[PDB]
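Descriptive structure summary
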Amino acid sequence: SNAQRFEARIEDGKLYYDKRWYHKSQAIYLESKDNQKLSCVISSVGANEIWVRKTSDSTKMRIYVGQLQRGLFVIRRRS
């Protein structure tokens, strides 16, 4: 697949996105046009999906690896 704007995958149980490593406890900012910078902390890293937890809403947000590779979400790391 060449349709990749961001290189992302899950390696050794950690998130490898934007050529940068993310922890399981990782705090990250998800920002978009129709979505402001969400200060969210990852709760668990799966195989094809990452579970990030909204600090405010306390809900679980499941992001798929493929969606990150297409560049659906812009994730900035804070660690």
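Overview of the structure. (Residues numbered from 1 in each chain as written, not as in the entry; some residues may be left out. Heavy atoms only, no water.)

Here we take up the overall build of the protein chain. Scanning the protein chain for helices and strands turns up one helix and eight strands. For the protein chain, the N- to C-terminal ordering of α and β elements is β-β-β-β-β-β-β-α-β. For 79 residues, the compact-globule formula gives about 12 Å, and the C-alpha radius of gyration of the protein chain, at 12 Å, lands near that figure. By principal-axis analysis of the C-alpha atoms, the protein chain measures approximately 35 × 30 × 20 Å. The buried share among the 79 residues of the protein chain stands at 32%. Within the protein chain, contacts between residues separated by at least 24 positions form 42% of all contacts whose residues are at least 6 apart in sequence. In the form shown here, the protein chain has an accessible surface area of approximately 5,400 Å², with 45% of it arising from carbon and sulfur atoms. (Helix = DSSP H or I, 4+ residues; strand = E, 2+ residues; numbered from the N terminus. Rg over C-alpha atoms; globule rule 2.2 N^0.38 Å. Buried < 20%, exposed > 50% of the residue type's maximum accessible area, 1.4 Å probe, protein only. Contact = heavy atoms within 4.5 Å. Areas by Shrake-Rupley, 256 points an atom, 1.4 Å probe, with all protein chains shown as cover.)

Within soluble globular proteins, side chains that are nonpolar generally end up buried alongside one another. In this structure, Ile28, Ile50, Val52, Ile63, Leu68 and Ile75 are the most contacted members of the largest nonpolar core, which totals 17 residues. If you tally residues by element for this core, the top one is strand β5 (residues 38-45), at three residues. In contact with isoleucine 28, other than residues within four places in its own chain, are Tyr22, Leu38, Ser39, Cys40, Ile42, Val52, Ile75, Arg76 and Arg77. (Core = buried A, V, L, I, M, F, W, Y, C linked by side-chain atoms within 4.5 Å.)

What the three strands build is an open sheet, ordered β1-β2-β3; its pairing is antiparallel. What marks the edges here is a single partner per strand, and that holds for β1 (8-11) and β3 (20-22). Each neighbouring strand pair of the sheet contributes to a mean axis angle of 25°, computed without reference to strand direction. Where strand β2 (residues 14-17) lies against β3, three bridges are found, and the strand directions are antiparallel. Of the residues in β3, the one forming a bridge with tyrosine 17 is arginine 20. (Pairing = 2+ DSSP bridges. Axes fitted to C-alpha atoms, helices over the stretch in contact; angles between N-to-C directions.)

Right, let's talk about the pattern of salt bridges for a bit. Opposite charge on two side chains allows them to pair when their charged atoms are near. Tallied over the full model, the rule gives four salt bridges. A salt bridge links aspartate 12 to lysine 14, with the shortest nitrogen-to-oxygen separation between them at 2.7 Å. Relative accessible area serves as the criterion here: at 57%, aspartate 12 is assigned to the exposed category. A salt bridge links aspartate 18 to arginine 76; the shortest N-O distance between them is 2.7 Å. Taken as a pair, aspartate 18 in the loop between β2 and β3 and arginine 76 in strand β8 (residues 74-78) lie far apart in primary sequence, 58 residues in all. Take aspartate 18: its relative accessible area is 18%, and that puts it in the buried class. (Salt bridge = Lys/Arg side-chain N within 4 Å of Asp/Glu carboxyl O.)

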